[PDB]
There are 2 protein chains.
Amino acid sequence: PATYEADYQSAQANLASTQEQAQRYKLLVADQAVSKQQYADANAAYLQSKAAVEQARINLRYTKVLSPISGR
Amino acid sequence: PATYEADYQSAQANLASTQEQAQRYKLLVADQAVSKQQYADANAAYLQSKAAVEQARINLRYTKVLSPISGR
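The rules behind these values
- Residues numbered from 1 in each chain as written, not as in the entry; some residues may be left out.
- Chains lettered and ligands numbered in written order.
- Part of a larger assembly, values for the part shown.
- Heavy atoms only, no water.
- Helix = DSSP H or I, 4+ residues; strand = E, 2+ residues; numbered from the N terminus.
- Rg over C-alpha atoms; globule rule 2.2 N^0.38 Å.
- Buried < 20%, exposed > 50% of the residue type's maximum accessible area, 1.4 Å probe, protein only.
- Contact = heavy atoms within 4.5 Å.
- UniProt positions renumbered as here; feature names shortened; annotations may be inferred.
- Axes fitted to C-alpha atoms, helices over the stretch in contact; angles between N-to-C directions.
- Parallel < 35°, antiparallel > 145°, perpendicular 65-115°, else oblique.
- Left-handed = near helix turned anticlockwise from the far one by under 90°.
- Nonpolar A, V, L, I, M, F, W, Y, C, P; charged D, E, K, R; others polar.
- Expected span 1.5 Å × (residues − 1).
- Polar contact = N/O pair within 3.5 Å; in protein donor to acceptor, adjacent residues only side chain to side chain.
- Salt bridge = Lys/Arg side-chain N within 4 Å of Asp/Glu carboxyl O.

Method information in the entry identifies X-ray crystallography as the source of the structure, with 3 Å recorded as the resolution.

Below, the structure is given as structure tokens:
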């Protein structure tokens, strides 16, 4: 898992970033401080990130092959 | 007064502009959405304009030489 682990954290880094970006453009909407059409692209990236992380997470997990049943 | 009148209106135009700029940046520095150094500059210009306008107004007014006393 050297890599899957790398990607998974490389991702989370990203999400943590875009997620802040979004949340900020949000509160800053009710001030024109952030247009409605921008808090769109920002929330766009945020959703993509959130998706990448879930995929990375999924792959990393498959890295540890588990046994489906109890037996021999 | 062709010119004094021109300058005065040339000024007022300016003030109306910078004034808006200021009033706006104010509510935007109140959201960290704008540098603190910037809003300062904006209110700087606004003040300069307001000053310019007053001087223009004064000069225009002197364009009409009135009589100080009643007499002959």
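Participant: I'd like to hear about the overall build of chain A, residue by residue, with values.
Facilitator: Across its full length, chain A holds 2 helices and 0 strands. Taking 72 residues into account, the globule formula puts the C-alpha radius of gyration at 11 Å, and chain A, at 18 Å, lies well above it. Principal-axis analysis of the C-alpha atoms gives chain A an extent of 65 × 25 × 15 Å. Per-residue burial over chain A gives 18% buried out of 72 residues. Sequence-distant contacts, at least 24 apart, represent 67% of the contacts inside chain A between residues at least 6 apart.

Participant: How would you sum up unusual backbone geometry? Please name residues and give values.
Facilitator: Residue and element names in this part refer to chain A. In this model, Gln-32 sits at a positive phi of 65°, which is unusual for a non-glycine residue. By the secondary structure assignment, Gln-32 is in the loop between α1 (2–27) and α2 (38–62). Residue classification places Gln-32 among the exposed residues on the basis of a relative accessible area of 59%.

Participant: Before we move on, can you summarise the UniProt feature "coiled-coil region" in chain A with the specific residues and values?
Facilitator: Look at the UniProt record and you will see "coiled-coil region" annotated at residues 2–56 of chain A. Between the end C-alpha atoms of residues 2–56 of chain A the distance is 13 Å, and the span holds 82% helix and 0% strand.

Participant: Describe the packing of α1 of chain A against α2 of chain A, naming the residues involved and giving the relevant values.
Facilitator: All names here are of chain A. Axis separation between α1 and α2 bottoms out at 8 Å; the angle between their running directions is 155°. One element, α1, and the other, α2, form an angle in the roughly antiparallel class. Relative to α2, α1 is oriented so that their crossing is left-handed. By residue class, the composition of the contact of α1 with α2 is 13 nonpolar, 9 polar and 5 charged.

Participant: Run through helix α2 (residues 36–62) of chain B, naming residues and quoting values.
Facilitator: Residues and elements named next belong to chain B. Taking 1.5 Å of rise per residue, the 27 residues of α2 would be expected to cover 39 Å, and the 40 Å separating its terminal C-alpha atoms lies within 8% of that figure. Taken residue by residue, α2 has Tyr-39, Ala-42, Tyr-46, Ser-49, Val-53, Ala-56 and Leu-60 as its buried positions. At its buried positions, α2 is contacted by α1 (2–29). If you check the start of α2, you find a side-chain oxygen 3.1 Å away from the backbone N of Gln-37, and it comes from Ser-35.

Participant: Run through the packing of α1 of chain B against α2 of chain B, naming residues and quoting values.
Facilitator: All names here are of chain B. Their axes nearest at 8 Å, the elements α1 and α2 cross at an angle of 155°. Comparing their axes, α2 and α1 come out roughly antiparallel. Our pair here, α1 against α2, has a crossing hand that is left-handed. Its residues assigned to classes, the contact of α1 with α2 comprises 14 nonpolar, 9 polar and 5 charged.

Participant: So what's going on with the pattern of salt bridges? Which residues, and what values?
Facilitator: All names here are of chain B. The tally for this structure, following the rule as stated, stands at 4 salt bridges over all chains. Note that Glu-20 and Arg-24 form a salt bridge whose closest N and O atoms lie 2.6 Å from each other. Here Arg-24 and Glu-20 lie together in helix α1, a separation of 4 residues that amounts to about one turn. For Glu-20, a relative accessible area of 37% corresponds to the partly exposed category. The closest approach of N and O atoms between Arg-57 and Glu-54, which form a salt bridge, is 3.6 Å. On the criterion of helical spacing, the pair formed by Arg-57 and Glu-54 is a turn pair, its members being 3 residues apart in helix α2. Note on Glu-54: relative accessible area 34%, which makes it partly exposed.

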